[PDB]
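To start, the structure under review is shown below, and the notes come after it.
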Protein chains: 2
Amino acid sequence: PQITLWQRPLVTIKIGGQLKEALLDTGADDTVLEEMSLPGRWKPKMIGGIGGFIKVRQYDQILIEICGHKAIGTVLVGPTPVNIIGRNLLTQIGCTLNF
Amino acid sequence: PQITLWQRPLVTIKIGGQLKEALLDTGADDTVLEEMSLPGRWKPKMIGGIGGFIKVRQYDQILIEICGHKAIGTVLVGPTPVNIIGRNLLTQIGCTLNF
Ligand SMILES: CC(=O)N[C@H](C(=O)N[C@@H](Cc1ccccc1)[C@@H](O)CN(CC1CCCCC1)NC(=O)[C@@H](NC(C)=O)C(C)C)C(C)C
């Protein structure tokens, strides 16, 4: 689809049999999901944002469907108030910025 | 133009007669640039993101050119790790996400 930016670009994603809301963020190198338990081992990691860093758990090879479009990659899980889909996943669905 | 996301979407902007690199960020509600003096009265403001809140200076009705497109709006200036063009100005230039 085409998504205007009048409001935050929040769309529906699906992880497992769970549907969630997530912000399409061209300003995120990574994908950060809200705290959830995923099976598998992870690696601790520190990601920075506008105000500093937060600690997250890194899981590799997670499948997320974005508006019916599948992407597989690294996801970081931390205490974020909103799911953020970053560039690692957006490139996979052929998402571009156009003006 | 159509911007792909294999790399950070950095573009050249012109503001205050200066050229600068900035990120087209759909995950940002506001536009935040690194410390710089701009003409006009500014007022203190706090904005937050991952890691915390930062103190910034708010300048209203600043003219900024993004890839040849003129935008006149609010620009926040403060300790941001990168120059960010948020939704407030991306809408003025007709920017959308597509996939
Ligand atoms: C290194 C990196 O890519 N960091 C991302 C990031 O924070 N991206 C920021 C912009 C950015 C890039 C590089 C360094 C520092 C900052 C942005 O795209 C997303 N954040 C996310 C906030 C937004 C609100 C929901 C919770 C997450 N946006 C902001 O920090 C903006 N805040 C708001 C409220 O819009 C701010 C720039 C105005 C994380 C989400 C992984």
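Side-chain atoms are counted along with the backbone in the values below, which use heavy atoms only and exclude waters and symmetry mates. Both ligands and their constituent atoms are indexed starting at 1 by order of listing. Residue numbers start from 1 in every chain, and the chains themselves are labelled A, B, ... in the order their sequence lines are given, proteins ahead of strands.
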Does a side-chain heavy-atom distance below 4.5 Å link [X] with [Y]?
{"X": "A:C95", "Y": "B:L5", "answer": "yes"}
{"X": "A:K20", "Y": "A:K14", "answer": "no"}
{"X": "B:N88", "Y": "B:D29", "answer": "no"}

Test item, A:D29 contacting ligand 1 (heavy atom, 4.0 angstrom) =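 Heavy atoms of A:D29 do come under 4.0 Å of ligand 1.
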
By number and element, which atoms of ligand 1 are closer than 4.0 Å to a non-hydrogen atom of [X]?
{"X": "A:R8", "value": "34 (C)"}
{"X": "A:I84", "value": "27 (C), 40 (C)"}
{"X": "A:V82", "value": "25 (C), 26 (C)"}
{"X": "A:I50", "value": "15 (C), 16 (C), 30 (O), 37 (C)"}

List the steps and the verdict of side chain to side chain contact (heavy atoms under 4.5 Å, CB included) for A:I47 and A:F53.
-> CA-CA 5 Å; A:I47 39 158; A:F53 294 66; 5.7 Å; no

Given that the side chain starts at C-beta and the backbone is N, CA, C, O, which of these parts of A:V32 lies under 4.0 Å from ligand 1, counting heavy atoms, or is it both or neither?
->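 Under 4.0 Å from ligand 1, A:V32 contributes side-chain atoms alone.
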
With no hydrogens and no angle check, do the side chains of A:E34 and A:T80 hold a donor and an acceptor under 3.5 Å apart?
->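 A:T80 and A:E34 do not have a side-chain donor-acceptor pair below 3.5 Å.
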
Shortest protein heavy-atom distance from atom 17 (C) of ligand 1, along with the residue and atom involved =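 Residue, atom and distance for the closest contact: B:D25 OD2, 3.2 Å.
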
Determine the sole option in B:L23, B:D30, B:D25, B:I13 for which the side chain to side chain contact (heavy atoms under 4.5 Å, CB included) test with B:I85 is passed.
->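 One option only clears the test, and that one is B:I13.
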
From A:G78, B:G48, B:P81, B:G51 - option closest to atom 14 (C) of ligand 1 by heavy atom |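 Among A:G78, B:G48, B:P81, B:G51, the closest heavy atom to atom 14 (C) of ligand 1 comes from B:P81.
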
Counting heavy atoms only, which of B:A28, B:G27, B:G49 comes nearest to atom 28 (N) of ligand 1?
->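 Nearest option to atom 28 (N) of ligand 1, by heavy atoms: B:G27.
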
What do you reckon, is NZ of B:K55 surrounded by more than 12 foreign heavy atoms closer than 6.0 Å?
->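 Yes, NZ of B:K55 has more than 12 neighbouring heavy atoms, counting only those of other groups under 6.0 Å.
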
